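>>> The data below comprise the sequence and an experimental structure of the protein.
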Number of protein chains: 2
Amino acid sequence: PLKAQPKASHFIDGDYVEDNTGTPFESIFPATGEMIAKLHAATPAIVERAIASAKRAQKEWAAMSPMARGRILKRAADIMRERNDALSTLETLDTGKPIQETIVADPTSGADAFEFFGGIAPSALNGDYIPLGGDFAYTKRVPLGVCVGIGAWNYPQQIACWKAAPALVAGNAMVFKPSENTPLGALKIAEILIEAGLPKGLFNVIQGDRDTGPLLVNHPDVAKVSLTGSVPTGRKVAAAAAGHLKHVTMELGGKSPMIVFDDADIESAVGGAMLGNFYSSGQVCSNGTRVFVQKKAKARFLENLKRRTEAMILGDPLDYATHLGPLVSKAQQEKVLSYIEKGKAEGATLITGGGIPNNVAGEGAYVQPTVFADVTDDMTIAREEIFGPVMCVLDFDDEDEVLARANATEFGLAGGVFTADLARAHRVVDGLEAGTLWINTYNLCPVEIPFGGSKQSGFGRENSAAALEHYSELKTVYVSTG
Amino acid sequence: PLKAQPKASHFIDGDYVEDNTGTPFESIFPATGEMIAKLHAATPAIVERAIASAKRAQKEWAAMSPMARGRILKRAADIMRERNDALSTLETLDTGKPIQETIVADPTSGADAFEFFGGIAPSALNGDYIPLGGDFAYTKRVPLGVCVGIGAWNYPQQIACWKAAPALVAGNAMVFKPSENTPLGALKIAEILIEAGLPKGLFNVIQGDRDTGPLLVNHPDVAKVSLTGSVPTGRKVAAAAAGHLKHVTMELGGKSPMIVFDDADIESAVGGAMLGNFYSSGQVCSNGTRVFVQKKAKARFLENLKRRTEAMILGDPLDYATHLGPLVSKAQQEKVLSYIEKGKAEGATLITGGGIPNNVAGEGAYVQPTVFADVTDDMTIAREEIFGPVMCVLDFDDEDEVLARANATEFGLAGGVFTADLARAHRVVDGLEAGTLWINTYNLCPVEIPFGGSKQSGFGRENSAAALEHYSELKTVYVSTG
């Protein structure tokens, strides 16, 4: 009688659907190692069924007005709000992330995308009338067809909604495959959508295998792939999809730089770093941020950070007082502690953290929130991206120096700057090679603004009206008048 | 001294550049077989130089205002217009296309892109200010970096310009590789841009062999690839580019449907079919079009067509009287008259054409423009595309029936409908799965309107403001105000 057993592994054509011949896997609650659900990865028949059901549904959806489609999405967001407590608790069970975070940042933000896209479509989906001096043309923003979304394990509900909302509003159908790690929230989204009046088949969810992603991505009836994941998955998925001439968009992560100048609001800069590395998860902070502090602020910065970091309550993520939950496995705890020692060995200064805590216990696998300072570029810790509560603080003296250093990365997801100086703020943001920058704050992704990266962090944007360019294409109709 | 010998095979960083170590190749005037130029395919050192120079130049160009960038492009267009005679003679030499098409449709259309993008950029390139109740964000449309353009042999100068214009205006640099078949016009585009005040290195042109594409498309400093080509090449370039996480856009052709209903203007429709299969050298038109004619219109349509068609004048493309040039090789000739005999035997009725003309010679290798009626979907002729003056006219009865047959194709570049009826015209065009559609005309591609394909004809658009989306990305800056 498992804690979060869904009715079946998949949700296809308006109801729960099982195939118990698919690779079995379990959803595990990190804190207790308790098994909360037993699932099966899609079989090939489950894949063909999800895509065929999407393809069949889609044409009627595309013929409806934007406003009509928009209304269903708005009703879904409303239901999601009614259900925020259960959806967020389910997210905490599935991810291990603190409820206090989950209840404001995860499903709510997913609801925000359904609500935003549902409201802007009746204007943002308009094309052009183009006068040509006798003749004229018009352009229509038409859906691509059947889209595939591949999710990752960081804020899984938010990821599913951010892909589903612009895809559906634009007139597409979507088959969505959540991460094997976090299979449960996407099914609720699918169920909610039907209760909101979305026709069956328009948003189908199937669990996955190592085999599942490649069957969806190479399928002849799929027009478009959207992926959130790691670079090596992204490269493989982008080559396969493009090789079939499918549209592709992805967000691939990458530690981003946060730069704090002498004249920063210190307490503000500290909250930003803490968000980016500790309480921090979700799309941008999943993997950590590199914090650069200017010399004359180093000392106020470390001391406010030490104090606050040590105030953090570690514990059961289902409890509202917890700031930081345990890690996914003991193997993670290991990995994070060698990393720590690798840093102590390198010569970086330990500000706070470094060990297994007491007393929080039990039964989770915890690491104290930990700070390294006097970190330098060459250091193994600075170089290797990690999942865990560890902050690397690098010193710098000059603006040109840090820009150079901050930019010398493969990735270009995000970055921010703390300065009180007008000129400096806009300059540093202009010089940073990243998709999304913050001035005097960090990690805020309101659905009104575009989200995505540069360079090896992938392409395309989620949120804002701009997301729709990825889920539609222009059809042009030239009208001979004579 | 050869007829059209450039100073050197390549144009890099402001001047003509040779490397005689590269694979030698020749341009040959398709009529006389005369060798007009000797060239070398790029070596790896040419590739690197071309890329490194575009990378160096691009920084400062990005720094300039859209208007300042636009002025250079507008000056380039003006120069192209002054040299229209020489530019178009050269296109005719390099392609075999009649000077009467070439003089209005090729460099003119190219010059149109430079002019159009030069003028609209100081508005079109604006990002957003997004109010957030107290904070705000702004978005900036930033260039991608170094773009690679891969040319095809139909309308070489137009392709070069239609890629360079939006890429340059947006603040990128471009290395452009024309097709081996048509190496010469792209070099004049490059020289002209320099004359217009384009900084050196921003638009470089290198010749290619089998190995050049892969060197370009895999290079670590290239941010984006734009290809005009066939589906086999498109598939390999897309997968390679996308595997390195580069942006990709492509236009891959494909035979498009032209649907002539009962109530149509037959002379107009006939002319559109002729522009679609005979003096058809378009990005749209270089592969042919499947003409569907409704029951009643067949007889009128065929009669008008047969007369007009036999009136076409074949001969030396450099002559202003010529409607139709010879075919590129004698191997083109042999391959197409087999297509002719293939069709005949299949039961397809020959309406006109079918043989080599006398004496439209010499020197050219000529086949009469030919028409088949009574053609069905199962016939070889409807099945295989080709490049040569052969039209297939297929009969149909009902509108639902034609839509299904016109959509029953993996391609989706373009299409047209000829009907006097208002509703049918907008309905058919809405029902067709293509990027660009014409009502009561065909093959018009003014720069003001988007051009590109759907399905396996590719993705992305050229021309209109929409082209700028594929040559820039949104950088989002969130400003915390308080």
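Yes, it's here. Numbers count the residues shown, from 1 in each chain, chains lettered A, B, ... in the order given.

>>> Going by C-alpha atoms from here, please, whenever you check contacts or count neighbours.
Noted.

>>> which residues are contacting stretch A:18-33?
A:8-10, A:34-43, A:46, A:93-96, A:180-183, A:209, A:316-317, A:325-329, A:362-365 (C-alpha atoms under 8 Å, 6 or more residues apart in numbering or on different chains).

>>> and the stretch 351-482 of chain A, which of its residues are near chain B?
With C-alpha under 8 Å from any C-alpha of the partner chain as the criterion, the stretch 351-482 of chain A meets chain B at residues A:429, A:434-441, A:448-451, A:455-456, A:458-461, A:473-480.

>>> Next step: the residues you listed restricted to helices.
For these, membership in helices holds for residue A:429, with DSSP state H as the criterion.

>>> From the residues of the stretch 351-482 of chain A next to chain B, which land in strands?
The strands, defined by DSSP state E, take in A:436-439, A:455, A:458-459, A:473-479 from those.

>>> Next, give me the two most distant ones among those.
Maximum pairwise distance in these, criterion C-alpha to C-alpha, is 47.7 Å, between A:439 and A:479.

>>> More neighbours: those two, which one.
Between residue A:439 and residue A:479, residue A:439 has the larger neighbour count (other C-alpha atoms under 10 Å in any protein chain shown), namely 24 against 20.

>>> doesn't residue A:420 make contact with the more buried one?
No: Residue A:439 is not in contact with residue A:420 according to C-alpha atoms under 8 Å; the separation is 9.5 Å.

>>> Show me what counts as buried in the helix or strand hosting residue A:39.
Residue A:39 is located in strand A:35-40, with elements delineated by DSSP states H and E. By neighbour count with 16 or more other C-alpha atoms under 10 Å in any protein chain shown, strand A:35-40 contains the buried residues A:36-40.

>>> For chain B, tell me which of those show up nearby.
Among the buried residues of strand A:35-40, not one lies near chain B by C-alpha under 8 Å from any C-alpha.

>>> ok, so of those, who is nearest chain B?
residue A:40 (29.9 Å; C-alpha to the nearest C-alpha).

>>> Contacts only, for that closest one.
A:9, A:18-25, A:207-208.

>>> What's opposite it in the beta bridge?
Beta bridges link residue A:40 to residue A:24, judged by DSSP bridges.

>>> helices and strands around the longest helix anywhere in chain A, which ones?
Ranked by number of residues, the top helix in chain A under DSSP H is helix A:44-63. Packing contacts for helix A:44-63, counted by 3 or more C-alpha pairs under 8 Å, 6 or more residues apart in numbering or on different chains; DSSP states H and E, involve strand A:10-12, strand A:146-150, strand A:173-177, strand A:203-205, helix A:212-217.

>>> and that helix, which residues are buried?
Residues A:46-58, A:61-62 are the ones in helix A:44-63 that count as buried (16+ other C-alpha under 10 Å).

>>> same thing with stretch A:290-301?
Neighbour-count burial for stretch A:290-301, with 16+ other C-alpha under 10 Å as criterion, is recorded at A:290-294, A:297-298, A:301.

>>> One more: stretch A:132-140?
A:137-140.

>>> same check, this time on stretch A:321-330
Buried-residue list, stretch A:321-330, by 16+ other C-alpha under 10 Å: A:322-329.

>>> end-to-end on stretch A:53-72?
19 Å (C-alpha to C-alpha, to the nearest Å).

>>> what sits up against that stretch?
For stretch A:53-72, contacts defined as C-alpha under 8 Å, 6+ apart pick out A:12-13, A:117-119, A:121-122, A:125, A:142-143, A:145-146, A:168-175, A:193, A:196-204, A:221.

>>> quick one, helices of the stretch 1-150 of chain A?
Along the stretch 1-150 of chain A, the stretches classed as helices by DSSP state H, counting those that start in this stretch are A:44-63, A:66-82, A:84-95, A:99-105, A:107-124.

>>> possible to save those helices as CSV with distance to residue B:381?
Listed next are these as CSV, based on distance: least, C-alpha to C-alpha, whole Å:
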stretch, distance to residue B:381
helix A:44-63, 31
helix A:66-82, 41
helix A:84-95, 57
helix A:99-105, 59
helix A:107-124, 43
